[PDB]
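A quick write-up on the structure given underneath.
There are 2 protein chains.
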Amino acid sequence: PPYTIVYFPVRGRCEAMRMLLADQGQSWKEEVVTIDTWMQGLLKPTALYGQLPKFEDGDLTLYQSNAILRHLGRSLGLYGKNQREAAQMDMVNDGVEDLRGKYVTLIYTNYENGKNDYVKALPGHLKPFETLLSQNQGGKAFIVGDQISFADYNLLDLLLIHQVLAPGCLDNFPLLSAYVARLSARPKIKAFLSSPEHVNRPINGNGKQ
Amino acid sequence: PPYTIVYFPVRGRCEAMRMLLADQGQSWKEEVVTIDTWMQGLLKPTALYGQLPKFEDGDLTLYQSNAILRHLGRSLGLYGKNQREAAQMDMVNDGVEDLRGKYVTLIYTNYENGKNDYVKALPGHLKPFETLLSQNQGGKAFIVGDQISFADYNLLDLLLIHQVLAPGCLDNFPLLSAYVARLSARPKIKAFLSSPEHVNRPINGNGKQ
Ligand SMILES: N[C@@H](CCC(=O)N[C@@H](CSCc1ccc([N+](=O)[O-])cc1)C(=O)NCC(=O)O)C(=O)O
Ligand SMILES: N[C@@H](CCC(=O)N[C@@H](CSCc1ccc([N+](=O)[O-])cc1)C(=O)NCC(=O)O)C(=O)O
């Protein structure tokens, strides 16, 4: 530390890492970048891939939301207890990222014409996570092993935004329903999710959610 | 170990991990899955995300190409020397993945109509990697630090397949050109790139490259 998140005034690819920091009792600074400021062209060319989020942890400056999550995982001991768990956590997180990519593409490029096919195809994309939960202490612990990891925060966010997109998408996925309920109920996440910083921030950069 | 790769008969998302294993002096088995076998629908339901590659390292079964690369990185000491390097390697690999994703979309969905725009947009996506190299011992070493990492193999593969897509795309990226040449010249990679199993394998699954 200190921690700084440099991002658009949205939840997007930062709410997972924000929930992570909150739940871990870490404080951080938000450097909010408007599109107006972004369109000025001063910051964009200094970013590695010309994109946000950008994250600072003391002397370490990072880009790529999942690299940031993995760094937080390794540094804060949220990357499982062993080599198997670390690999399985990567496998989970890559799955989360696949579906997030499909979600982002829908929201920003094809919402009106593509939502119906998306929500229709969604249960097939959520089943893997229910399956993962089913094979880990009957879904009563975390996505991998018995301790919270970076992969949990990301999957939790993915499930949260998808409930907004499709209200009852988790009714046919009991383990994922209770999982969302259980992790959201953790005191520090509970507090974060009800905080003005979170509540008064749109999920995405357009209207669409 | 033992190592087993379960995949379709293409280079695709497995050539990087193959070059990794080859370069590290590791042997592995190929379990080639044909469209016919996939269609018969016994293996697909058992795969976590209904997709390949599937990877076995002794008792550990994995899906997700990048999770496999990260696992090989962690277990074979190809994940840098410290926290900073590990995070920067993740930042590089995620960038490689982003571009590979765009590549896959071009190849498999919009090759003819989209190739023109893809190639004109390509230099903007290659520049970050040239910049990284220029800032790491003047491009004389690896993408991050002075030892080969899982990120190098993934980047190397991505660059190679783009040299097929756009013959001269590295002309204006001299450090990447030399980087490709130098890594390709590593005896075990040089050997692997000539080997019939690689040479006889098509880059993609639809016969487009
Ligand atoms: N692979 C990268 C993807 C990063 C990314 O897509 N960043 C978007 C913002 S996240 C999605 C997003 C986009 C826009 C807004 N907004 O409010 O304007 C909010 C969120 C961006 O920087 N766009 C600016 C640009 O490319 O020039 C990662 O995981 O970090
Ligand atoms: N995020 C995953 C992506 C893997 C993936 O996309 N797998 C696909 C493509 S394999 C490479 C491939 C693509 C297309 C053909 N083809 O026939 O044209 C052949 C092989 C797959 O298994 N598809 C089977 C399915 O979904 O049922 C990863 O990184 O491993």
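Those protein sequences? They're chains A and B, same order as listed. Its first residue numbered 2, the first sequence is counted upward by one per residue in the UniProt record's numbering. Its first residue numbered 2, the second sequence is counted upward by one per residue in the UniProt record's numbering. We put the beta carbon where it would ideally sit given N, CA and C, even for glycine.
Ligand 1 heavy atoms versus the CB of residue i: any closer than 7 Å?
i, result
"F9 of chain A", "yes"
"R101 of chain B", "no"
"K45 of chain A", "yes"
"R75 of chain A", "no"
"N67 of chain A", "yes"
"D91 of chain B", "no"
"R202 of chain A", "no"
"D95 of chain A", "no"
When you measure from the CB of residue i to every non-hydrogen atom of ligand 2, does any distance come out below 7 Å?
i, result
"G206 of chain B", "yes"
"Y109 of chain B", "yes"
"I36 of chain B", "yes"
"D158 of chain A", "no"
"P54 of chain B", "yes"
"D153 of chain A", "no"
"residue 266 of chain B", "Limits of chain B in this structure are 2 at one end and 210 at the other, which puts residue 266 of chain B out of reach."
"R19 of chain B", "no"
"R14 of chain B", "yes"
"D58 of chain B", "no"
"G51 of chain B", "yes"
Excluding the five sequence neighbours on either side, which residues of its own chain have a C-beta within less than 6 Å of the C-beta of residue i, listed in chain order?
i, result
"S178 of chain B", "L171"
"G140 of chain A", "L134, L176"
"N111 of chain A", "none"
"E86 of chain A", "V145, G146"
"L79 of chain A", "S150, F151"
"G115 of chain B", "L107"
"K30 of chain A", "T5"
What residues in its chain sit with their C-beta under 8 Å from that of residue i, if we drop five residues either side in the sequence?
i, result
"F193 of chain A", "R19, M20, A23, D24, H199"
"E32 of chain A", "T5, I6, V7, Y8"
"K103 of chain B", "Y119, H126"
"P203 of chain A", "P10, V11, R12, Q210"
"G206 of chain A", "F9, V11, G13, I36, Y109"
Tell me which same chain residues have a C-beta within less than 7 Å of the C-beta of residue i, skipping the five on either side of it?
i, result
"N155 of chain B", "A17, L70, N94, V97"
"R187 of chain A", "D24"
"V34 of chain A", "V7, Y8, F9, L44, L53"
"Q164 of chain A", "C170, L171"
"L77 of chain A", "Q25"
"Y180 of chain B", "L134, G140"
"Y119 of chain B", "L107"
"residue 1 of chain B", "For chain B, the structure presents residues 2 to 210; residue 1 of chain B sits outside this window and is missing."
Which partner residues does residue i have in the DSSP bridge list?
i, result
"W29 of chain B", "B:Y4"
"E57 of chain A", "A:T5, A:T62"
Q) Which runs of the alpha helix (DSSP H) fall wholly inside the region 86-170 of chain B and span at least 4 residues, in chain order? A) 112-135, 151-166
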